[PDB]
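Shown below, as structure tokens, is a lone chain in the form deposited without its partner chain; questions about how it binds or moves come after it.
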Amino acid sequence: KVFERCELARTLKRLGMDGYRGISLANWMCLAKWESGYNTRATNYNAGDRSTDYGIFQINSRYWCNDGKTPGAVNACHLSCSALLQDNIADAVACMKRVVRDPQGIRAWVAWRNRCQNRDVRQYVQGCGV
């Protein structure tokens, strides 16, 4: 599923992401936009460590989900990576919350750092009624 910007903004807010661990809704929108373009079926194979990034937030299978084919990986969100390609994103969001309960926070994603951090992201939630 490819979300419309405001559709995603309301969806994320309803899931309790607005201000989750100090992260505004706008930062999450900016991350999803740069990570997948709001596409839930988006995946990215990393040939180096043989891991794959799944879904709207591109969660990596080496540490967050099990896909059975990534060498020596763990499954910290306790989900099949399959759960990360669903049109319904509650699982993906529950996983993203586990991810930012760690030290790095949202900084774990270089994309957030390059196109979101120290930049104005309000533009992502303008007119969405969130």
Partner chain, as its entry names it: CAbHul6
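Numbering follows the first chain given and starts at 1.
A.B. asks: Out of 40-48 and 74-82, which one has CA B-factors that are higher on average in the deposited record?
C.D. replies: Mean CA B-factor is higher for 40-48.
A.B. asks: Would 83-91 or 98-106 have the larger average of its C-alpha temperature factors, as given in the entry?
C.D. replies: The deposited B-factors put 98-106 ahead on the C-alpha mean.
A.B. asks: Ranking the modelled residues of this chain by C-alpha B-factor as given in the entry, is residue 121 in the lowest, middle or highest third?
C.D. replies: It belongs to the highest third of the chain when residues are ordered by C-alpha B-factor.
A.B. asks: C-alpha B factor of residue 130, ranked within the chain: lowest, middle or highest third?
C.D. replies: Its C-alpha B-factor, which the entry lists for residue 130, ranks in the highest third among residues of this chain.
Absent from the display: the form deposited with its partner chain bound. The rest refers to it.
A.B. asks: Relative to its partner chain in the bound PDB entry, which residues of 77-92 have a heavy atom no more than 4.5 Å away?
C.D. replies: Those in contact are 77, 78, 79, 90, 91.
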